[PDB]
Amino acid sequence: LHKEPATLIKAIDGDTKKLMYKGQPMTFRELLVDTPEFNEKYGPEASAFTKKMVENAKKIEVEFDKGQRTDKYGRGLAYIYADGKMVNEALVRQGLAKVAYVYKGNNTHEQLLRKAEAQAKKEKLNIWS
Ligand SMILES: Cc1cn([C@H]2C[C@H](OP(=O)(O)O)[C@@H](COP(=O)(O)O)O2)c(=O)[nH]c1=O
Ligand SMILES: [Ca+2]
């Protein structure tokens with residue numbers, strides 16, 4: 001896998017955001033995670049977490065996996081990095097997302113995120129409290 005440039009257009013919620021990629025606006029959906037919706041428990045905190053992480057970043061990068069790059073809704077499916085730090089992983093590590101939607105062909109960072117979830121679950125953080 002490799003990292004590609006992108007710029008933040010706008011935070012949306014825990015696991016989606018509007019980025020400019022190859023000069024075009026797209027909604028990105030984070031691979032391998034599920035944040036609660038804004039109206040659910042920990043939803044506002046997920047959105048806040050993701051929003052801060054991507055808004056404070058100097059450099060946003062996207063990393064596609066080996067499989068499908070866009071979902072049925074036209075959302076790009078990628079791993080998102082903010083100053084080299086994976087948003088998908090940080091959400092999981094803090095208990096603000098669950099590992100989810102693990103499809104074959106698009107699961108390179110699965111075990112990395114599962115390790116992060118275990119740690120969150122041990123620490124009883126947020127969703128696991
Ligand atoms: C994360 C991800 C979601 N999706 C689709 C499956 C789900 O379909 P349904 O809309 O039919 O439930 C939906 C979940 O996204 P959200 O969690 O953003 O709603 O997005 C994929 O197709 N591939 C993926 O990698
Ligand atoms: Ca969600």
# chains A, B, ... in the order shown; residues from 1 in each chain; ligands from 1
$ residues_around --residues "residue 58 (chain A)" --least-positions-apart "6" --cutoff "12 Å" --atoms "only C-alpha atoms" --output "ChimeraX atom specification"
/A:5-8,52,81-85
$ residues_around --residues "region 90-107 of chain A" --least-positions-apart "2" --cutoff "9 Å" --atoms "only C-alpha atoms" --output "PyMOL selection string"
chain A and resi 14-15+31-36+42-43+45-46+49-50+64-69+85-88+109-111+113-121+123-129
$ select_by_dssp --residues "region 60-123 of chain A" --states "helix (DSSP H, G or I)" --output "JSON, numbers by chain"
{"A": [87, 88, 89, 90, 91, 92, 93, 110, 111, 112, 113, 114, 115, 116, 117, 118, 119, 120, 121, 122]}
$ atom_distance --atom1 "CA of residue 78 (chain A)" --atom2 "CA of residue 39 (chain A)"
24.3 Å
$ atom_distance --atom1 "atom 24 (C, counted along the ligand's line) of ligand 1" --atom2 "CA of residue 4 (chain A)"
19.3 Å
$ closest_residue --among "A:19, A:48, A:11, A:53" --to "residue 77 (chain A)" --atoms "only C-alpha atoms"
A:19
$ closest_residue --among "A:108, A:3, A:73, A:13" --to "residue 40 (chain A)" --atoms "only C-alpha atoms"
A:13
$ select_by_dssp --residues "chain A" --states "strand (DSSP E)" --output "NGL selection string"
:A and (4-11 or 16-21 or 24-30 or 33-34 or 60-63 or 76-82 or 85-86 or 98-99)
$ write_last_selection --atoms "N, CA, C and O atoms" --output "compact mmCIF listing (two decimals), in the first residue's frame"
# COMPACT_ATOMS: atom_id res chain seq x y z
N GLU A 4 -1.13 8.60 -0.53
CA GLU A 4 -1.32 9.62 -1.56
C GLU A 4 -1.80 10.91 -0.91
O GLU A 4 -2.45 10.89 0.14
N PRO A 5 -1.49 12.05 -1.56
CA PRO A 5 -1.91 13.32 -0.97
C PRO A 5 -3.40 13.57 -1.08
O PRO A 5 -4.05 13.04 -1.99
N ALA A 6 -3.90 14.38 -0.16
CA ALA A 6 -5.25 14.89 -0.20
C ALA A 6 -5.33 16.10 0.76
O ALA A 6 -4.47 16.29 1.59
N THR A 7 -6.39 16.90 0.65
CA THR A 7 -6.62 18.00 1.56
C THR A 7 -8.00 17.95 2.14
O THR A 7 -8.93 17.47 1.53
N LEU A 8 -8.13 18.43 3.37
CA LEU A 8 -9.41 18.41 4.03
C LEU A 8 -10.27 19.46 3.38
O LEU A 8 -9.83 20.58 3.20
N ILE A 9 -11.49 19.09 3.00
CA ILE A 9 -12.50 20.04 2.63
C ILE A 9 -13.32 20.27 3.88
O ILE A 9 -13.39 21.40 4.33
N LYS A 10 -13.89 19.22 4.47
CA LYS A 10 -14.68 19.36 5.72
C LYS A 10 -14.84 18.06 6.49
O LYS A 10 -15.10 17.01 5.92
N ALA A 11 -14.71 18.17 7.80
CA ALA A 11 -15.06 17.13 8.71
C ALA A 11 -16.52 16.82 8.51
O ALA A 11 -17.28 17.72 8.18
N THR A 16 -16.43 9.46 8.44
CA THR A 16 -16.52 10.03 7.10
C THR A 16 -16.05 11.49 7.11
O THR A 16 -16.16 12.22 8.10
N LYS A 17 -15.52 11.92 5.98
CA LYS A 17 -15.06 13.29 5.84
C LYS A 17 -14.97 13.65 4.35
O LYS A 17 -14.89 12.78 3.46
N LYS A 18 -14.99 14.94 4.07
CA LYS A 18 -14.90 15.40 2.70
C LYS A 18 -13.45 15.84 2.46
O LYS A 18 -12.97 16.72 3.14
N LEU A 19 -12.77 15.18 1.54
CA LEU A 19 -11.41 15.46 1.18
C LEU A 19 -11.34 15.80 -0.30
O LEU A 19 -12.22 15.38 -1.08
N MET A 20 -10.31 16.56 -0.69
CA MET A 20 -10.03 16.77 -2.10
C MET A 20 -8.94 15.80 -2.49
O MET A 20 -7.87 15.85 -1.93
N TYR A 21 -9.18 14.95 -3.47
CA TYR A 21 -8.24 13.92 -3.88
C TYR A 21 -8.11 13.99 -5.39
O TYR A 21 -9.11 14.08 -6.09
N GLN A 24 -10.29 16.67 -6.89
CA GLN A 24 -11.75 16.53 -6.88
C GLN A 24 -12.28 16.28 -5.49
O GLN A 24 -11.69 15.52 -4.75
N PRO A 25 -13.42 16.91 -5.14
CA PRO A 25 -14.03 16.66 -3.85
C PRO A 25 -14.65 15.27 -3.81
O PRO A 25 -15.28 14.85 -4.77
N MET A 26 -14.40 14.54 -2.74
CA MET A 26 -15.02 13.22 -2.54
C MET A 26 -15.33 13.00 -1.06
O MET A 26 -14.60 13.48 -0.20
N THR A 27 -16.39 12.27 -0.76
CA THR A 27 -16.57 11.80 0.61
C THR A 27 -15.78 10.51 0.76
O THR A 27 -15.89 9.60 -0.09
N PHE A 28 -14.98 10.43 1.83
CA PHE A 28 -14.23 9.24 2.22
C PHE A 28 -14.85 8.60 3.42
O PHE A 28 -15.24 9.33 4.39
N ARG A 29 -15.00 7.29 3.33
CA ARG A 29 -15.44 6.44 4.41
C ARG A 29 -14.23 5.63 4.88
O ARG A 29 -13.63 4.93 4.09
N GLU A 30 -13.90 5.71 6.15
CA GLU A 30 -12.72 4.98 6.70
C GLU A 30 -12.89 3.45 6.65
O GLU A 30 -13.91 2.88 7.09
N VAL A 33 -13.64 0.25 10.07
CA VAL A 33 -14.13 0.77 11.34
C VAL A 33 -15.59 1.13 11.28
O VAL A 33 -16.15 1.36 10.19
N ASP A 34 -16.19 1.28 12.47
CA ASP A 34 -17.52 1.83 12.55
C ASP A 34 -17.61 2.74 13.76
O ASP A 34 -17.47 2.28 14.86
N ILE A 60 -2.58 15.63 5.22
CA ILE A 60 -3.55 14.55 5.13
C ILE A 60 -3.16 13.65 3.98
O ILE A 60 -2.88 14.13 2.90
N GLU A 61 -3.22 12.34 4.21
CA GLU A 61 -2.90 11.37 3.19
C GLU A 61 -3.97 10.32 3.21
O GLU A 61 -4.63 10.10 4.26
N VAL A 62 -4.18 9.73 2.04
CA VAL A 62 -5.10 8.63 1.90
C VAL A 62 -4.36 7.44 1.37
O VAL A 62 -3.48 7.55 0.50
N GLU A 63 -4.79 6.27 1.84
CA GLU A 63 -4.15 5.03 1.45
C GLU A 63 -5.26 4.04 1.08
O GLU A 63 -5.98 3.59 1.94
N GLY A 76 -15.23 7.15 -1.30
CA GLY A 76 -13.92 6.49 -1.34
C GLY A 76 -13.68 5.70 -0.07
O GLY A 76 -14.08 6.13 1.02
N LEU A 77 -13.06 4.54 -0.22
CA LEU A 77 -12.74 3.68 0.90
C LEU A 77 -11.21 3.65 1.02
O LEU A 77 -10.50 3.13 0.15
N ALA A 78 -10.72 4.17 2.12
CA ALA A 78 -9.29 4.28 2.35
C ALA A 78 -8.95 4.34 3.83
O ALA A 78 -9.83 4.47 4.72
N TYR A 79 -7.65 4.20 4.08
CA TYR A 79 -7.08 4.54 5.35
C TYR A 79 -6.64 5.98 5.26
O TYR A 79 -6.04 6.41 4.30
N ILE A 80 -6.92 6.73 6.33
CA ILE A 80 -6.66 8.13 6.35
C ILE A 80 -5.56 8.40 7.39
O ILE A 80 -5.64 7.86 8.53
N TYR A 81 -4.56 9.20 7.00
CA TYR A 81 -3.42 9.58 7.87
C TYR A 81 -3.38 11.08 8.12
O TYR A 81 -3.61 11.87 7.17
N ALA A 82 -3.14 11.48 9.37
CA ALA A 82 -3.01 12.91 9.70
C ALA A 82 -1.63 13.09 10.32
O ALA A 82 -1.37 12.60 11.44
N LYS A 85 -0.12 9.75 11.18
CA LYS A 85 -0.86 8.94 12.15
C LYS A 85 -2.21 8.46 11.58
O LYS A 85 -2.99 9.29 11.12
N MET A 86 -2.47 7.16 11.59
CA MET A 86 -3.72 6.62 11.02
C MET A 86 -4.93 6.99 11.88
O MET A 86 -5.02 6.66 13.05
N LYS A 98 -15.36 0.64 16.50
CA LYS A 98 -15.21 -0.80 16.55
C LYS A 98 -14.63 -1.20 15.22
O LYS A 98 -14.97 -0.62 14.22
N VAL A 99 -13.83 -2.23 15.21
CA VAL A 99 -13.42 -2.87 13.97
C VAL A 99 -14.70 -3.45 13.38
O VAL A 99 -15.45 -4.10 14.09
$ closest_residue --among "A:59, A:122, A:41, A:72" --to "ligand 2" --atoms "only C-alpha atoms and all ligand atoms"
A:41
$ atom_distance --atom1 "atom 10 (O, counted along the ligand's line) of ligand 1" --atom2 "CA of residue 37 (chain A)"
12.5 Å
$ closest_residue --among "A:51, A:12, A:23, A:70" --to "ligand 2" --atoms "only C-alpha atoms and all ligand atoms"
A:12
$ closest_residue --among "A:74, A:1, A:22, A:47" --to "ligand 1" --atoms "only C-alpha atoms and all ligand atoms"
A:74
